[PDB]
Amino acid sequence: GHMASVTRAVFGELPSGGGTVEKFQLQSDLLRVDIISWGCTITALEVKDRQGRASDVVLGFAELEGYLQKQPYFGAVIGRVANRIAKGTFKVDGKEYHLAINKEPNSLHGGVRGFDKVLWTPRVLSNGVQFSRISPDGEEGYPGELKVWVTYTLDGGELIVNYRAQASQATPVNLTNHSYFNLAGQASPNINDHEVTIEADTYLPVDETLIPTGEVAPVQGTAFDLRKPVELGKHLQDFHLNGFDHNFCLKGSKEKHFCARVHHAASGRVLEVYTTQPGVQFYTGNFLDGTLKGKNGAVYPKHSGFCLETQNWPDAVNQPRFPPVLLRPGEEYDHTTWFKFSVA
């Protein structure tokens, strides 16, 4: 496991003199990660199997244009606030705020033009790159100027993402990454053969609009119990499930903690996740409908990829029993997530 080297190049150019998007390639002896300055998007992630054969393990696009079309957030950074906010409304310090309803009847993943769709400023580091940007007061309805730094580093088969932010005024913040994974390789048609483990005792059941009911339901006895490794398909079938799209409650301190392990026995790849976040959104790519022009002719059908968005609980801003999501001036937002790749 060696420290990565970093390379850069021009990947594309945003329409309407939007600017130049670059691509940064982080390569170690074990992995190769591709990241672009537009929405700090992870475009490619090559991992080896037992045979040392490297497969790109994330869904994505060969070109920028592909990212710009109507697509479901592929491998980008999501903010100012990940996930849903009931009624696109929340109150901060007695004041009520209103966001875009980009997902009737709610607001999702930061609004119309969220973090995944803006150009970030890159700074190359020794073993990675750091993206920075300023989300000004009012951006997407949110209060306060938010200064954000997304730092991606690579050491061996370990990709570390860290999120730092400073607000000019009290505001909610909840950043994550929406990369879709398929250990059997990006071009596989599904995730059924993946074996999953999520260290969580409780989960958040949701409502008709996909908003947490507010209940912190134990997973025992439920199809939500992923404490012991389970095979995706069997599981989903055994439980008469369509897939998942829920937030699992991590047993956390702010200290680094285990989050999940995914294993693909046929290839032998193992993905392990650690984080400082209070929850993880586990989503099975339920909404993919096979109409997207992916990489290497790949088309993406339902269940072809999964996401593990480490974050603070959805709709936290409106559910007091949830972990605090507000960032006040003077404090610092700072979370880390470790994506450790191995072979089992």
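Note that residue numbering begins at 1 and tracks the sequence as displayed.
A.B. asks: Could you check the entry and say whether 79-87 or 251-259 has the higher mean CA B-factor?
C.D. replies: On average, C-alpha B-factors are higher across 251-259.
A.B. asks: Mean CA B-factor: is it higher for 152-160 or for 262-270?
C.D. replies: Mean C-alpha B-factor is greater for 262-270.
A.B. asks: In terms of recorded Cα temperature factor, pick the maximum from 315, 56, 49, 309.
C.D. replies: Out of 315, 56, 49, 309, the record gives the largest C-alpha B-factor to 49.
A.B. asks: From 26, 44, 62, 40, can you pick the one with the highest C-alpha B factor in the entry?
C.D. replies: Reading the PDB entry, the winner on C-alpha B-factor is 62.
A.B. asks: Against its chain's modelled residues, does residue 6's Cα B factor rank lowest, middle or highest third?
C.D. replies: For residue 6, whose C-alpha B-factor we compare with every modelled residue in the chain, the answer is the middle third.
A.B. asks: Using only modelled residues of the chain, where does the Cα B factor of residue 203 rank: lowest third, middle third or highest third?
C.D. replies: Its C-alpha B-factor, which the entry lists for residue 203, ranks in the highest third among residues of this chain.
A.B. asks: Once the chain's modelled residues are ordered by C-alpha B factor and cut into thirds, is residue 275 in the lowest, middle or highest one?
C.D. replies: Its C-alpha B-factor belongs to the middle third of this chain's values.
A.B. asks: Place residue 92 in the lowest, middle or highest third of its chain's C-alpha B-factors, as listed in the PDB entry.
C.D. replies: Tercile = middle for this residue's CA B-factor.
A.B. asks: Name the third of the chain's ranked CA B-factors that contains residue 329, choosing lowest, middle or highest.
C.D. replies: Residue 329: CA B-factor falls in the middle third of its chain.
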